[PDB]
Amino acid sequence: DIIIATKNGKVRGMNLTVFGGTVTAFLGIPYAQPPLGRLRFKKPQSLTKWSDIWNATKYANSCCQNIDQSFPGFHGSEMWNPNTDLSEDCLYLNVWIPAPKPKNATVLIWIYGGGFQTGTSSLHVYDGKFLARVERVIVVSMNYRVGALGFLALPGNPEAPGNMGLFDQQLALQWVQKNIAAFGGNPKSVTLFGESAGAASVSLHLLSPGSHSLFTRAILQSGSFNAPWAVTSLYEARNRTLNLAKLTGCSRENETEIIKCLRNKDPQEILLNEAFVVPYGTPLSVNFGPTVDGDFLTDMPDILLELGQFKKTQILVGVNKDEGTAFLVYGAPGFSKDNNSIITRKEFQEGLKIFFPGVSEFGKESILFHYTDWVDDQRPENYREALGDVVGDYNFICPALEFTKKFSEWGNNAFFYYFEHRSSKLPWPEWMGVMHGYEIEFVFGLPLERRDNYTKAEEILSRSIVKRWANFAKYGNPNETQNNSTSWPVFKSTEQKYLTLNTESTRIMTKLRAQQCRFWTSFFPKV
């Protein structure tokens, strides 16, 4: 039998046979009291104890969401929808462990993305089963509340203070600090890593004083808090929740009364008016997300970073080649996953229309000018590949690079990567290229499974990425081997050296999209 005593009681797991070895999994362990009606919107409250032996043999419920319905049956959009049944009773975590039991293993904890409006820890692509076998690490992933249930903000009010989903993540980190040693883990060798909103969440735990002693290092895949979508100001967050109050018919006059209504509305009706809280939305809009709550975040995050008020620690940051493409099929005119989606100049301007609603026409025009210096002026996809770069450069790449630059200026080693390989099984058309969120499959080592129809070169690349991610976790250095391996240098604001990741050849280069990033950091703000 497979049992282990937690500070909250005993829990039993299951054996899995992987690559000829065995990995022990504990799926759906509760870490906080169910945030049911009274506690809804409150911070997660700590567990007491449970009866008998919890069987952690099945993924738990996903926290409440809307689902991607745009293309039914399509694996590309379906793979990101929650694969468990959805509920407010949803604060659970998973633990994968190498067998035989490790004495003092390093722990990796995954924080899923999804724009702070979706996500779950039970997707196939987040299966930690492999990482535990290949590199003998302990992998933990947790469900955190998302959407209005997770980040409704009336700061100063304990009934709905904002940043609850972040406080869900934080208490899960506290649980690992309290328990993972029983599992054979090292609570002082703990590395956070997430993608998109998960990477943004990871970046903010570096700022929050409460998380400064719950983890050792951080990995940020295609996300950082200084992205335009990550953090919303204090009073637009409140303007958002006052609007949701009316939309649901319970604008009352003193705040705790308005939460009293929202606690009695079924989770659905809250979920289907989350989208009307903003007057002018883009495909990349975060209606209810992180905010400056005065508890998790004591100031606007860009300031905290500029003043060095953060955890001093190694970080591994990176991005994909075509991060913007995934969002154009979700509103940009002329774009479809079933075309090759070659647009014309006016369709391009109508695209900026969508992604930059409140920007002046002089500002749109300057964005166009900076991305229209065609090296070859006869190729149609010029305007198609331009807007995908605009969306990706402004929302992911240039903030991630700018965050690393500012972070490295305070004396801690930073390593930047540029993921350039398109998966052989990518169900989207290839005009979308190396898409957002499609490096995760290689991070978790899915191409190591031989029965999955991945190429041999994709297994080699996945085997490499996995070794470097785990080596960064254990040692703070993303090496692969001492010999026969391209050395990954540190990112420092002068040379700005990054490492490319693909199947042809990994090599060192400098100043990633520096001519494009200069526009977004030094000219677009003044517009």
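The first residue of the sequence shown is number 1, and the count goes up from there.
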323-331 versus 269-277 - which carries the larger mean C-alpha B factor in the record: 269-277
Taking the deposited Cα B-factors and averaging over 237-245 and over 136-144, the higher mean is found in 237-245
Which of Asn477, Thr500, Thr481, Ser462 ranks first by CA B-factor in the deposited coordinates: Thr481
Identity of residue with top Cα B-factor, from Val202, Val434, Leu448, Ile343: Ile343
How does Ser211 rank on Cα B-factor within its chain, lowest, middle or highest third? lowest
Is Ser196 in the lowest, middle or highest third of its chain when residues are ranked by C-alpha B-factor? lowest
Position of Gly28 among the chain's modelled residues by C-alpha B-factor, lowest, middle or highest third: middle
Which third of the chain does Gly156 land in by C-alpha B-factor: lowest, middle or highest? middle
Third assignment of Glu420 from its chain's C-alpha B-factors: middle
